[PDB]
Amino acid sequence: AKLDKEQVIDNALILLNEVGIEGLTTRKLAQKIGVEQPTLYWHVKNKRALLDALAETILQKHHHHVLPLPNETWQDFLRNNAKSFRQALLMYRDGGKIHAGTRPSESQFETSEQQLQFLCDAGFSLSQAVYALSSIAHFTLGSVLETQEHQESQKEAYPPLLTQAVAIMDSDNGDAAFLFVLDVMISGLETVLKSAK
């Protein structure tokens, strides 16, 4: 035979970069792979399945700060977790739209479970931990979808502050903005814990 699932997914990651999330189809993956539709069907049963597969495997491949390191404060962890998640979303074309709307995978259960436990052990109620992890994902993803969709935008007279505001944001493709509000999020949450009185 031929097809192991990781080869299929690797071809799918190449295709995503070549044609983007919209033009990525099951039928096109089968072209690139050199195979019939119903042999692909056993690995990836529809487009949704395929996209969920990319979402996961992109994180398996490039999202390595999944867990607090022995020397880390929950502050450190959150920072380095979020940075790692963002570079991982930036790695692929439409990486932000690939992730959006997924839920963590079986391959991510033990670490994601751990991320929440780690936050509960830090002082946070569950809700709080859930909302903080969730929302740092949303923040990061929003940051990445915007900068990705922006530089893909080939369109063809701001006021003073707005001119600088947009200059500042086109400069680093959103880096400093990201790091700053990650930092205010983490101080925000610090104040949540200080709300033990």
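The numbering used is simple: start at 1 and walk along the sequence shown.
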*Pick one of none, 1 to 3, 4 to 9 or 10 or more for the number of deposited-sequence residues not modelled between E156 and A157.*
4 to 9
*State which stretch shows the higher mean Cα B factor in the entry: 48-56 or 168-176.*
168-176
*asked:* Using only the C-alpha B-factors in the record, can you name which of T147, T39, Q128, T140 has the highest?
replied: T39
*Comparing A132 with the other modelled residues of its chain, is its CA B-factor in the lowest, middle or highest third?*
lowest
*CA B-factor placement of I33, once the chain's modelled residues are sorted into thirds*: highest
